[PDB]
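A short worksheet on the structure shown next.
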Amino acid sequence: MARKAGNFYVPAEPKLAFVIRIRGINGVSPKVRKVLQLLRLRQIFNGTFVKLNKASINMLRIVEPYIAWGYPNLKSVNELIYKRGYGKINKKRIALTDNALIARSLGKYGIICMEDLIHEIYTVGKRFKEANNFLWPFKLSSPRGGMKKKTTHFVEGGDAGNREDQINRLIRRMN
Amino acid sequence: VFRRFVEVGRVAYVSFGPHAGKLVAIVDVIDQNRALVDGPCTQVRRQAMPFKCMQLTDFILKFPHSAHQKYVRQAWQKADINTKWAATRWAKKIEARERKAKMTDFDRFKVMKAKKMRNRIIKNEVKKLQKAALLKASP
Amino acid sequence: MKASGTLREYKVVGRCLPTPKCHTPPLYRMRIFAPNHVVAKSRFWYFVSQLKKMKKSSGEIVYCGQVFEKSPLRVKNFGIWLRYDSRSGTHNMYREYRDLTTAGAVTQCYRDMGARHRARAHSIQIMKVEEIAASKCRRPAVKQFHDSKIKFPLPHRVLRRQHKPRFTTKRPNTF
Amino acid sequence: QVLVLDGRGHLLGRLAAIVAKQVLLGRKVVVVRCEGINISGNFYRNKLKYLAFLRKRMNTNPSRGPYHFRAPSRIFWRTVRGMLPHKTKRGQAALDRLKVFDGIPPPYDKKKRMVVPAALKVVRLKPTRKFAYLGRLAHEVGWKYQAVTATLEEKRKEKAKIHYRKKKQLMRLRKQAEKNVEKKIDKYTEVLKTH
RNA sequence: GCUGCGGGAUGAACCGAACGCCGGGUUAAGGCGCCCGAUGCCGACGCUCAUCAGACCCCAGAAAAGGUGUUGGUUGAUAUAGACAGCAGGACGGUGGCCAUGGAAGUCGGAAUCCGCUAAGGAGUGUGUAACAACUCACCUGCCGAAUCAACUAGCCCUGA
Ligand SMILES: [Mg+2]
Ligand SMILES: [Mg+2]
Ligand SMILES: [Mg+2]
Ligand SMILES: [Mg+2]
Ligand SMILES: [Mg+2]
Ligand SMILES: [Mg+2]
Ligand SMILES: [Mg+2]
Ligand SMILES: [Mg+2]
Ligand SMILES: [Mg+2]
Ligand SMILES: [Mg+2]
Ligand SMILES: [Mg+2]
Ligand SMILES: [Mg+2]
Ligand SMILES: [Mg+2]
């Protein structure tokens, strides 16, 4: 609608990011270690969905040398929910495998099914926190083609930083 | 010595690369390593390919400098590169290599039995010719 | 930057945030050569933070677009302006490159500066890229490639490293 | 089985790399004409490095310790020793499989010699750079057998000419036989299926 | 320390990564001429010849300075109103100017600094005479013929070592 009028256009900055942890365990400052504990990245190659916010971006700026975070696509959300969908009841993470588990545990908010779960993770609604707490942190394998140096940011041809659409390529390599 | 050289308006074979076995034609040299090549009728698109990627031939064309695809095609059809290229031994060598790649086991059996028959006849004739050479050189 | 592979040209426009002290920001525009758009956006923030009172937090990028070549099928001449940082002190530089496209010419510029002057992607700041025509090239290399009916053979052309068998009765000739 | 390699126009490190890789697999390789193996760089530098290699010796007893061969075949054999794991019974068996000769032995006069294209001077070196000859280096330092090896080399070159003239005569005779008639019935099959 | 494992040949601290027993796949740190698993890609661009080449954080060696050895780069200056080089010729008069006496008569020395002929002469760039003399240069002209010169700068290599 804007290029016909000759004007530019900017889309909305998305409110949902995916965070994979890249670096290891030992040799880690407590200032970033506590943020990784709050982002549920206690091991290496685990990922979470983060509701983007000023507080969340100022969290991620502390742990930029340790994570790779980006804007996941619809199938980037969908393959992570289908293929490696693990939830938790109280303890004891169980693979989803049926709509009855989600309808029994998480479905108190009209979110009883996996279509509802994918909709709530992708389009960040008013009940995103319950879905993010229900989802176990996604254990992911090492990528196929490899990684780029793991220490410099993606601006410097590295891995530890923001890439904003290339995390879709990263999740097609890893997942 | 140095019968061939790159030139504005020379057809060239392509040995290595994604367009192998396809003739291109040099339009102009960019800088020392790559030349803007073009293909009017050899199913290859106008691009820049390296000199070590291409292979020089002997036939030349009267291209103007940086002419259109239309003028390249007109000079190609005026020079008649396709029939004259089929009517040489080098394309017969490439065609024989392709036919050896496209052999089968029954074809190899026929080649081997014809090979046995020809080599027996050649061996008998070489024996007869050296016997005749000794009979000629004996007086 | 990394300058990995061939480079790409991006038109990036960016402005400040709309503030009640001063609305309608001037919406500046730059031409960034970068391997992808994320590095283009970051290098845009770098140059505009050098030039004017701008940063990533108090500003935004309106549009970041790929700039395709106006004539890829034409062998053209490009003058590149350089602000490279050497070991002792930084220096300005004018270079000339005969190549097809602008992104390929700037790619050859990065590769050639890294070859001769040991300049990384950290130190090279492309000031301006401009297509120049014939009879304006300052350089003798591009001036001697300016030849109609140009002739040269390829003497001593050796190739096919072990594509042939490693052990043969041949003794391979050149040209 | 056996891989009889030429040495005329090859490089020391490249030929040693290819021989030391192909001798661990079991192919019994023999490098003949070892006096003609070229070495890149300047000849003064090559003999200076070889003089430093001679200077490296044990001071308490030079016999019990560093041995320094002067013959070029043993130079190449030491070059392949320094690349194979000769302190174990894999590289030791590989050096037992490897045979090296200066000049050309009488079985290798008859057997055909191979030429490695990956180790050639023309393929690997720029033609305006300096080089050396390992036989020239060996005659300059130690190996006093250039005048005998060159004489026997000229003798076998004369033998190779007097064999090649007969071979070319027989090739002319068999191509006269191929020029003759009544062989084309099989050629109708053969030219179609790759003459 | 209290800690194995993969690289750094070898290693307490380095770089990844932390350890129940195994199979399959993948990867980091690192590497793909042979040891020693992997570039045996018809890999791309350019630099380097080193008579002590060079080869990966800690890490196991080196500086100030110099190079008409090559490669870029900046600032300038010349040139058909025929330049830079080369070969040849001119290179004066006032005036052996002036302070100087052992001498300066352009040439140890201090201050200066103009005109005529002009094709051009600088009260003179150097060699030489104790000085007087000869030679050469700034500048000009004869032949040739279109690109040339100067000062800085940084990459490899060399001397310094
Ligand atoms: Mg660490
Ligand atoms: Mg793989
Ligand atoms: Mg890596
Ligand atoms: Mg670190
Ligand atoms: Mg203790
Ligand atoms: Mg502890
Ligand atoms: Mg180790
Ligand atoms: Mg070490
Ligand atoms: Mg395993
Ligand atoms: Mg191997
Ligand atoms: Mg020490
Ligand atoms: Mg220099
Ligand atoms: Mg040095």
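A note on labels: chains of the structure tokens are A, B, ... as shown, every chain counts residues from 1, and ligands are counted from 1 in their shown order.
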
Exercise answer, 12 Å around ligand 13 with only C-alpha atoms (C1' of nucleotides) and all ligand atoms, as an MDAnalysis selection string = chainID E and resid 50 52:54 61:62 156:161

key: 10 Å contact set for residue 71 in chain B, only C-alpha atoms (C1' of nucleotides), chain neighbours under 6 positions out, as a ChimeraX atom specification   = /B:40,62-64,77

Residues from last step as file, C-alpha atoms, as an mmCIF file, in the first residue's frame:
data_model
loop_
_atom_site.group_PDB
_atom_site.id
_atom_site.type_symbol
_atom_site.label_atom_id
_atom_site.label_comp_id
_atom_site.auth_asym_id
_atom_site.auth_seq_id
_atom_site.Cartn_x
_atom_site.Cartn_y
_atom_site.Cartn_z
ATOM 1 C CA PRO B 40 23.819 -18.117 -29.297
ATOM 2 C CA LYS B 62 33.296 -11.494 -36.733
ATOM 3 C CA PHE B 63 31.765 -10.134 -33.546
ATOM 4 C CA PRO B 64 31.594 -6.397 -32.970
ATOM 5 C CA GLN B 77 24.494 -18.537 -38.360
#

Pick from E:149, E:13, E:63, E:29, whichever lies nearest to ligand 7 using only C-alpha atoms (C1' of nucleotides) and all ligand atoms =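 Ranking E:149, E:13, E:63, E:29 by distance to ligand 7, first place goes to E:29.
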
query = Mind listing as a PyMOL selection string which residues of chain D are within 12 Å of chain E, counting only C-alpha atoms (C1' of nucleotides)?
reply = chain D and resi 12-24+40-49+79-88+90-91+118-119+126+128-131

task = Return the neighbours of chain C among the residues of chain A, cut-off 8 Å, counting only C-alpha atoms, as a ChimeraX atom specification.
result = /A:8-10,154-157,163-164

Write the residues you've just listed into a file as a short mmCIF file (atom, residue, chain, number, x, y, z; two decimals), in the first residue's frame, and include N, CA and C atoms for each of them.
data_model
loop_
_atom_site.label_atom_id
_atom_site.label_comp_id
_atom_site.auth_asym_id
_atom_site.auth_seq_id
_atom_site.Cartn_x
_atom_site.Cartn_y
_atom_site.Cartn_z
N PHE A 8 7.71 4.82 2.05
CA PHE A 8 8.29 3.61 2.61
C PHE A 8 7.34 3.00 3.64
N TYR A 9 7.74 1.85 4.18
CA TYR A 9 6.95 1.16 5.19
C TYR A 9 7.87 0.28 6.02
N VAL A 10 7.62 0.26 7.33
CA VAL A 10 8.34 -0.59 8.27
C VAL A 10 7.34 -1.52 8.93
N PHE A 154 27.27 -12.42 14.99
CA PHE A 154 26.87 -12.70 13.61
C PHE A 154 27.18 -11.54 12.67
N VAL A 155 27.33 -10.33 13.22
CA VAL A 155 27.82 -9.20 12.44
C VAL A 155 29.24 -9.46 11.96
N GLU A 156 30.08 -10.03 12.82
CA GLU A 156 31.46 -10.35 12.48
C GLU A 156 31.62 -11.74 11.89
N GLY A 157 30.58 -12.27 11.25
CA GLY A 157 30.65 -13.59 10.67
C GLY A 157 30.68 -14.72 11.67
N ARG A 163 20.62 -12.74 14.41
CA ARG A 163 20.65 -13.00 12.97
C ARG A 163 19.31 -12.84 12.27
N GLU A 164 18.19 -12.90 13.00
CA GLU A 164 16.89 -12.33 12.66
C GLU A 164 16.11 -13.00 11.54
#

request  = Please run DSSP on the backbone and report, as a VMD selection string, all residues within range 9-106 of chain A that come out as strand (DSSP E).
outcome  = chain A and resid 16 to 21 46 to 51 67 to 70 86 to 87 94 to 95

DSSP alpha helix (DSSP H) residues within range 4-163 of chain A, listed as JSON, numbers by chain = {"A": [30, 31, 32, 33, 34, 35, 36, 37, 38, 54, 55, 56, 57, 58, 59, 60, 74, 75, 76, 77, 78, 79, 80, 81, 82, 99, 100, 101, 102, 103, 104, 105, 114, 115, 116, 117, 118, 119, 120, 121, 122, 128, 129, 130, 131, 132, 133, 134]}

request  = Dump the neighbourhood of ligand 2 as a PyMOL selection string: all residues within 8 Å, distances computed on only C-alpha atoms (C1' of nucleotides) and all ligand atoms.
outcome  = (chain A and resi 144-145) or (chain E and resi 26)

What would the file look like if the residues just selected were written as a PDB file, in the first residue's frame with N, CA, C and O atoms (P, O5', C5', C4', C3', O3' and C1' of nucleotides)?
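Dumped everything to part.pdb:
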ATOM      1  N   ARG A 144      24.147 -29.609  11.169  1.00  0.00           N
ATOM      2  CA  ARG A 144      24.735 -30.450  10.132  1.00  0.00           C
ATOM      3  C   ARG A 144      25.972 -29.799   9.529  1.00  0.00           C
ATOM      4  O   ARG A 144      27.074 -30.351   9.599  1.00  0.00           O
ATOM      5  N   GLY A 145      25.807 -28.616   8.933  1.00  0.00           N
ATOM      6  CA  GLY A 145      26.911 -27.962   8.253  1.00  0.00           C
ATOM      7  C   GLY A 145      27.972 -27.405   9.177  1.00  0.00           C
ATOM      8  O   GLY A 145      29.082 -27.112   8.721  1.00  0.00           O
TER       9      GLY A 145
ATOM     10  P     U E  26      27.748 -37.952  10.371  1.00  0.00           P
ATOM     11  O5'   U E  26      27.566 -36.583  11.158  1.00  0.00           O
ATOM     12  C5'   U E  26      26.538 -35.676  10.801  1.00  0.00           C
ATOM     13  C4'   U E  26      26.347 -34.626  11.862  1.00  0.00           C
ATOM     14  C3'   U E  26      27.584 -33.833  12.237  1.00  0.00           C
ATOM     15  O3'   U E  26      27.922 -32.820  11.309  1.00  0.00           O
ATOM     16  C1'   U E  26      26.456 -34.498  14.200  1.00  0.00           C
TER      17        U E  26
END

request  = Please measure the separation of CA of residue 85 in chain B and CA of residue 65 in chain B, giving the value in Å to one decimal.
outcome  =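 Computing the Euclidean distance for CA of residue 85 in chain B and CA of residue 65 in chain B yields 23.9 Å.
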
Residues at most 12 Å from residue 143 in chain E, counting only C-alpha atoms (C1' of nucleotides), excluding those fewer than 5 positions away in the same chain, as a PDB file with N, CA and C atoms (P, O5', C5', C4', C3', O3' and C1' of nucleotides), in the first residue's frame?
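Output below, filename result_38.pdb:
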ATOM      1  P     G E  86      72.504  12.311 -19.315  1.00  0.00           P
ATOM      2  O5'   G E  86      73.068  11.755 -20.695  1.00  0.00           O
ATOM      3  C5'   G E  86      73.319  10.369 -20.867  1.00  0.00           C
ATOM      4  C4'   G E  86      73.324   9.984 -22.323  1.00  0.00           C
ATOM      5  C3'   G E  86      74.245  10.795 -23.214  1.00  0.00           C
ATOM      6  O3'   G E  86      75.596  10.385 -23.125  1.00  0.00           O
ATOM      7  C1'   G E  86      72.136  10.602 -24.246  1.00  0.00           C
ATOM      8  P     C E  87      76.733  11.452 -22.744  1.00  0.00           P
ATOM      9  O5'   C E  87      77.234  11.989 -24.156  1.00  0.00           O
ATOM     10  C5'   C E  87      77.715  11.086 -25.139  1.00  0.00           C
ATOM     11  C4'   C E  87      77.558  11.641 -26.531  1.00  0.00           C
ATOM     12  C3'   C E  87      78.154  13.015 -26.775  1.00  0.00           C
ATOM     13  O3'   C E  87      79.561  13.019 -26.942  1.00  0.00           O
ATOM     14  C1'   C E  87      75.983  12.948 -27.685  1.00  0.00           C
ATOM     15  P     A E  88      80.433  14.209 -26.301  1.00  0.00           P
ATOM     16  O5'   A E  88      80.014  15.500 -27.137  1.00  0.00           O
ATOM     17  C5'   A E  88      80.567  15.740 -28.423  1.00  0.00           C
ATOM     18  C4'   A E  88      80.064  17.028 -29.029  1.00  0.00           C
ATOM     19  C3'   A E  88      80.358  18.308 -28.262  1.00  0.00           C
ATOM     20  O3'   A E  88      81.683  18.780 -28.436  1.00  0.00           O
ATOM     21  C1'   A E  88      78.114  18.322 -28.988  1.00  0.00           C
TER      22        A E  88
END

key: Test item: residues at most 10 Å from residue 86 in chain C, only C-alpha atoms (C1' of nucleotides), excluding those fewer than 4 positions along its chain, as JSON, numbers by chain   = {"C": [90, 91, 117, 118, 119, 120, 123, 124], "E": [154, 155]}

Within 9 Å of range 143-155 of chain C, counting only C-alpha atoms (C1' of nucleotides), which residues show up once you throw out same-chain ones fewer than 4 positions away? Write them as an mmCIF file with N, CA, C and O atoms, in the first residue's frame, please.
data_model
loop_
_atom_site.group_PDB
_atom_site.id
_atom_site.type_symbol
_atom_site.label_atom_id
_atom_site.label_comp_id
_atom_site.auth_asym_id
_atom_site.auth_seq_id
_atom_site.Cartn_x
_atom_site.Cartn_y
_atom_site.Cartn_z
ATOM 1 N N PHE B 2 52.105 -20.424 -31.187
ATOM 2 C CA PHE B 2 50.990 -19.556 -30.792
ATOM 3 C C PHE B 2 50.041 -19.314 -31.965
ATOM 4 O O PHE B 2 49.799 -18.182 -32.391
ATOM 5 N N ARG B 3 49.501 -20.417 -32.485
ATOM 6 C CA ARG B 3 48.492 -20.325 -33.531
ATOM 7 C C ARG B 3 47.162 -19.843 -32.976
ATOM 8 O O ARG B 3 46.373 -19.229 -33.703
ATOM 9 N N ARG B 4 46.895 -20.105 -31.698
ATOM 10 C CA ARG B 4 45.645 -19.708 -31.074
ATOM 11 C C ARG B 4 45.901 -18.778 -29.895
ATOM 12 O O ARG B 4 46.978 -18.771 -29.288
ATOM 13 N N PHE B 5 44.868 -18.003 -29.582
ATOM 14 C CA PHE B 5 44.878 -16.873 -28.662
ATOM 15 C C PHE B 5 43.429 -16.452 -28.461
ATOM 16 O O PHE B 5 42.568 -16.736 -29.300
ATOM 17 N N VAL B 6 43.158 -15.785 -27.334
ATOM 18 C CA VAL B 6 41.806 -15.295 -27.103
ATOM 19 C C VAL B 6 41.600 -14.055 -27.957
ATOM 20 O O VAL B 6 42.555 -13.362 -28.332
ATOM 21 N N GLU B 7 40.342 -13.779 -28.285
ATOM 22 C CA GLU B 7 40.041 -12.795 -29.312
ATOM 23 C C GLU B 7 38.591 -12.368 -29.153
ATOM 24 O O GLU B 7 37.752 -13.147 -28.694
ATOM 25 N N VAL B 8 38.311 -11.117 -29.509
ATOM 26 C CA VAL B 8 36.927 -10.676 -29.632
ATOM 27 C C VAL B 8 36.326 -11.411 -30.826
ATOM 28 O O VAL B 8 36.641 -11.105 -31.979
ATOM 29 N N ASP B 28 34.510 -10.083 -24.735
ATOM 30 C CA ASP B 28 35.615 -9.228 -24.333
ATOM 31 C C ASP B 28 36.237 -9.768 -23.054
ATOM 32 O O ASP B 28 35.591 -10.464 -22.266
ATOM 33 N N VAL B 29 37.510 -9.444 -22.869
ATOM 34 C CA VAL B 29 38.267 -9.864 -21.698
ATOM 35 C C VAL B 29 38.048 -8.839 -20.599
ATOM 36 O O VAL B 29 38.204 -7.634 -20.826
ATOM 37 N N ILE B 30 37.673 -9.304 -19.407
ATOM 38 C CA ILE B 30 37.373 -8.356 -18.343
ATOM 39 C C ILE B 30 38.668 -7.900 -17.684
ATOM 40 O O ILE B 30 39.092 -6.757 -17.878
ATOM 41 N N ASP B 31 39.333 -8.793 -16.942
ATOM 42 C CA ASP B 31 40.657 -8.476 -16.391
ATOM 43 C C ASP B 31 41.433 -9.776 -16.156
ATOM 44 O O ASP B 31 41.305 -10.411 -15.105
ATOM 45 N N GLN B 32 42.191 -10.194 -17.179
ATOM 46 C CA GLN B 32 43.313 -11.140 -17.115
ATOM 47 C C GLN B 32 42.914 -12.586 -16.799
ATOM 48 O O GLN B 32 43.651 -13.527 -17.118
ATOM 49 N N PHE B 51 39.344 -18.205 -18.072
ATOM 50 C CA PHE B 51 40.088 -18.747 -19.206
ATOM 51 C C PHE B 51 40.573 -20.163 -18.927
ATOM 52 O O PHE B 51 40.589 -21.009 -19.829
ATOM 53 N N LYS B 52 40.985 -20.439 -17.689
ATOM 54 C CA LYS B 52 41.333 -21.806 -17.324
ATOM 55 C C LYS B 52 40.100 -22.687 -17.198
ATOM 56 O O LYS B 52 40.217 -23.915 -17.256
ATOM 57 N N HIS B 65 32.459 -5.394 -30.958
ATOM 58 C CA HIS B 65 32.792 -5.340 -29.541
ATOM 59 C C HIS B 65 31.538 -5.094 -28.709
ATOM 60 O O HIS B 65 30.870 -4.067 -28.878
ATOM 61 N N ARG C 98 37.985 -3.113 -13.019
ATOM 62 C CA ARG C 98 37.171 -3.428 -14.184
ATOM 63 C C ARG C 98 36.449 -4.742 -13.908
ATOM 64 O O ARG C 98 37.081 -5.800 -13.834
ATOM 65 N N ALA C 134 35.508 5.361 -19.942
ATOM 66 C CA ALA C 134 36.848 5.327 -20.496
ATOM 67 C C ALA C 134 37.437 6.736 -20.547
ATOM 68 O O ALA C 134 36.736 7.741 -20.386
ATOM 69 N N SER C 135 38.758 6.788 -20.756
ATOM 70 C CA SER C 135 39.581 8.005 -20.804
ATOM 71 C C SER C 135 39.504 8.829 -19.519
ATOM 72 O O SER C 135 39.753 10.039 -19.537
ATOM 73 N N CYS C 137 40.301 6.720 -16.456
ATOM 74 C CA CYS C 137 40.936 5.779 -15.546
ATOM 75 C C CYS C 137 42.374 6.208 -15.285
ATOM 76 O O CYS C 137 43.164 6.355 -16.222
ATOM 77 N N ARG C 138 42.711 6.402 -14.011
ATOM 78 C CA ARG C 138 44.059 6.797 -13.629
ATOM 79 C C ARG C 138 45.051 5.643 -13.658
ATOM 80 O O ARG C 138 46.261 5.888 -13.591
ATOM 81 N N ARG C 139 44.582 4.400 -13.761
ATOM 82 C CA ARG C 139 45.487 3.283 -13.528
ATOM 83 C C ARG C 139 45.965 2.659 -14.833
ATOM 84 O O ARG C 139 45.173 2.491 -15.770
ATOM 85 N N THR C 174 51.958 -28.338 -22.347
ATOM 86 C CA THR C 174 51.198 -27.122 -22.113
ATOM 87 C C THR C 174 51.012 -26.378 -23.427
ATOM 88 O O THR C 174 51.911 -26.373 -24.276
ATOM 89 N N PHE C 175 49.836 -25.762 -23.572
ATOM 90 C CA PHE C 175 49.409 -25.009 -24.756
ATOM 91 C C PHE C 175 49.487 -25.840 -26.036
ATOM 92 O O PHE C 175 48.592 -26.632 -26.326
#

query = Could you pull the residues within 8 Å of residue 71 in chain A, counting only C-alpha atoms (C1' of nucleotides), minus those fewer than 4 positions along the same chain, as a count of residues only?
reply = 9

request  = Specify as a PyMOL selection string all residues of chain B found within 10 Å of chain D, counting only C-alpha atoms.
outcome  = chain B and resi 92-93+95-104+107-108+110-119+121-130

Residues as selected, N, CA, C and O atoms, written as a CSV table (one decimal), in the first residue's frame, can you do that?
chain,number,residue,atom,x,y,z
B,92,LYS,N,34.5,-35.9,-33.1
B,92,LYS,CA,34.4,-37.3,-33.2
B,92,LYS,C,35.1,-38.0,-32.0
B,92,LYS,O,34.7,-39.0,-31.5
B,93,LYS,N,36.2,-37.4,-31.5
B,93,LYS,CA,36.9,-37.9,-30.3
B,93,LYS,C,36.0,-37.7,-29.1
B,93,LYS,O,35.9,-38.7,-28.3
B,95,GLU,N,32.7,-37.5,-29.1
B,95,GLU,CA,31.6,-38.4,-29.4
B,95,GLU,C,32.0,-39.8,-29.1
B,95,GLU,O,31.2,-40.6,-28.5
B,96,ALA,N,33.2,-40.2,-29.4
B,96,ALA,CA,33.7,-41.6,-29.1
B,96,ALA,C,33.8,-41.8,-27.6
B,96,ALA,O,33.5,-42.9,-27.1
B,97,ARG,N,34.3,-40.8,-26.9
B,97,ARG,CA,34.3,-40.9,-25.4
B,97,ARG,C,33.0,-41.0,-24.8
B,97,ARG,O,32.7,-41.8,-23.9
B,98,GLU,N,32.0,-40.3,-25.4
B,98,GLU,CA,30.6,-40.4,-24.9
B,98,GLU,C,30.0,-41.7,-25.2
B,98,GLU,O,29.2,-42.3,-24.4
B,99,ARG,N,30.3,-42.3,-26.4
B,99,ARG,CA,29.8,-43.6,-26.7
B,99,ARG,C,30.5,-44.7,-25.9
B,99,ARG,O,29.8,-45.7,-25.5
B,100,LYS,N,31.7,-44.6,-25.5
B,100,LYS,CA,32.4,-45.5,-24.5
B,100,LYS,C,31.7,-45.4,-23.2
B,100,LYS,O,31.6,-46.4,-22.5
B,101,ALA,N,31.4,-44.2,-22.8
B,101,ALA,CA,30.6,-44.0,-21.5
B,101,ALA,C,29.2,-44.6,-21.6
B,101,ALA,O,28.7,-45.1,-20.6
B,102,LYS,N,28.6,-44.6,-22.8
B,102,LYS,CA,27.3,-45.2,-23.0
B,102,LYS,C,27.3,-46.6,-23.6
B,102,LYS,O,26.3,-47.1,-24.1
B,103,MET,N,28.4,-47.3,-23.4
B,103,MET,CA,28.5,-48.7,-23.8
B,103,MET,C,27.6,-49.6,-22.8
B,103,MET,O,27.2,-49.1,-21.8
B,104,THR,N,27.3,-50.8,-23.2
B,104,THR,CA,26.7,-51.8,-22.4
B,104,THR,C,27.5,-53.1,-22.5
B,104,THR,O,28.5,-53.2,-23.2
B,107,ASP,N,27.3,-54.7,-26.0
B,107,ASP,CA,28.1,-53.9,-26.9
B,107,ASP,C,29.6,-54.2,-26.6
B,107,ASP,O,30.4,-54.3,-27.6
B,108,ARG,N,30.0,-54.4,-25.4
B,108,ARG,CA,31.4,-54.8,-25.1
B,108,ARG,C,31.7,-56.2,-25.6
B,108,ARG,O,32.9,-56.4,-26.0
B,110,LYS,N,30.4,-57.6,-28.3
B,110,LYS,CA,30.5,-57.4,-29.7
B,110,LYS,C,31.9,-56.7,-30.1
B,110,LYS,O,32.5,-57.1,-31.0
B,111,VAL,N,32.3,-55.7,-29.3
B,111,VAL,CA,33.6,-55.1,-29.5
B,111,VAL,C,34.7,-56.0,-29.2
B,111,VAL,O,35.7,-56.1,-30.0
B,112,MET,N,34.6,-56.9,-28.2
B,112,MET,CA,35.6,-57.9,-27.9
B,112,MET,C,35.8,-59.0,-29.0
B,112,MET,O,36.9,-59.4,-29.4
B,113,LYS,N,34.6,-59.4,-29.6
B,113,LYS,CA,34.7,-60.5,-30.6
B,113,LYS,C,35.3,-59.9,-31.9
B,113,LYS,O,36.1,-60.5,-32.6
B,114,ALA,N,34.8,-58.6,-32.2
B,114,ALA,CA,35.4,-57.9,-33.4
B,114,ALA,C,36.9,-57.6,-33.2
B,114,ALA,O,37.7,-57.6,-34.1
B,115,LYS,N,37.3,-57.3,-31.9
B,115,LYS,CA,38.6,-57.1,-31.6
B,115,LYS,C,39.5,-58.3,-31.8
B,115,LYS,O,40.6,-58.2,-32.3
B,116,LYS,N,39.0,-59.5,-31.4
B,116,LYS,CA,39.7,-60.7,-31.6
B,116,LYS,C,39.9,-61.0,-33.1
B,116,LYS,O,41.0,-61.4,-33.5
B,117,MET,N,38.8,-60.8,-33.9
B,117,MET,CA,38.9,-61.1,-35.3
B,117,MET,C,39.9,-60.2,-36.0
B,117,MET,O,40.7,-60.6,-36.8
B,118,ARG,N,39.8,-58.9,-35.7
B,118,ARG,CA,40.6,-57.9,-36.3
B,118,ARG,C,42.1,-58.1,-35.9
B,118,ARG,O,43.0,-58.0,-36.8
B,119,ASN,N,42.3,-58.5,-34.7
B,119,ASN,CA,43.7,-58.6,-34.2
B,119,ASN,C,44.3,-59.9,-34.8
B,119,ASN,O,45.5,-59.9,-35.1
B,121,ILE,N,43.5,-61.1,-37.8
B,121,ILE,CA,43.8,-60.8,-39.2
B,121,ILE,C,45.0,-59.8,-39.3
B,121,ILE,O,45.9,-60.0,-40.2
B,122,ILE,N,45.1,-58.9,-38.4
B,122,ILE,CA,46.3,-58.0,-38.4
B,122,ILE,C,47.6,-58.7,-38.1
B,122,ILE,O,48.6,-58.5,-38.7
B,123,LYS,N,47.5,-59.7,-37.1
B,123,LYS,CA,48.7,-60.4,-36.8
B,123,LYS,C,49.2,-61.3,-38.0
B,123,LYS,O,50.4,-61.4,-38.3
B,124,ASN,N,48.2,-61.9,-38.7
B,124,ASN,CA,48.6,-62.7,-39.9
B,124,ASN,C,49.1,-61.9,-41.0
B,124,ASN,O,50.1,-62.2,-41.7
B,125,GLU,N,48.6,-60.6,-41.2
B,125,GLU,CA,49.1,-59.8,-42.2
B,125,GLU,C,50.5,-59.2,-41.9
B,125,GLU,O,51.3,-59.0,-42.8
B,126,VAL,N,50.7,-58.9,-40.6
B,126,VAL,CA,52.0,-58.4,-40.2
B,126,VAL,C,53.1,-59.5,-40.4
B,126,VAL,O,54.2,-59.2,-40.8
B,127,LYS,N,52.7,-60.7,-40.0
B,127,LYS,CA,53.6,-61.9,-40.3
B,127,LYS,C,53.9,-62.1,-41.8
B,127,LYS,O,55.0,-62.3,-42.2
B,128,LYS,N,52.8,-61.9,-42.6
B,128,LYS,CA,53.0,-62.1,-44.0
B,128,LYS,C,53.9,-60.9,-44.6
B,128,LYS,O,54.7,-61.2,-45.5
B,129,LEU,N,53.7,-59.7,-44.1
B,129,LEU,CA,54.5,-58.6,-44.6
B,129,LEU,C,55.9,-58.6,-44.2
B,129,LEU,O,56.8,-58.3,-44.9
B,130,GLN,N,56.2,-59.1,-43.0
B,130,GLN,CA,57.6,-59.2,-42.6
B,130,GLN,C,58.3,-60.4,-43.2
B,130,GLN,O,59.5,-60.4,-43.5

message = Report as a PyMOL selection string all protein, DNA and RNA residues lying within 8 Å of residue 108 in chain C, evaluated on only C-alpha atoms (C1' of nucleotides), omitting residues in the same chain fewer than 4 positions from it.
response = (chain C and resi 97+104+112) or (chain E and resi 45)

task = For ligand 4, collect every residue having any atom at a distance of at most 8 Å from a ligand atom (counting only C-alpha atoms (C1' of nucleotides) and all ligand atoms); output as an NGL selection string.
result = (:A and (27 or 151)) or (:E and (15))

Enumerate, in order of chain and increasing residue number, the residues of chain E with an atom no farther than 12 Å from chain B, each with its shortest atom pair and distance in Å to one decimal, counting only C-alpha atoms (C1' of nucleotides), as a Markdown table.
| residue | atom | partner | partner_atom | distance |
| --- | --- | --- | --- | --- |
| E:41 | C1' | B:17 | CA | 11.8 |
| E:42 | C1' | B:16 | CA | 6.3 |
| E:43 | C1' | B:17 | CA | 11.8 |
| E:44 | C1' | B:33 | CA | 10.4 |
| E:45 | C1' | B:33 | CA | 9.9 |
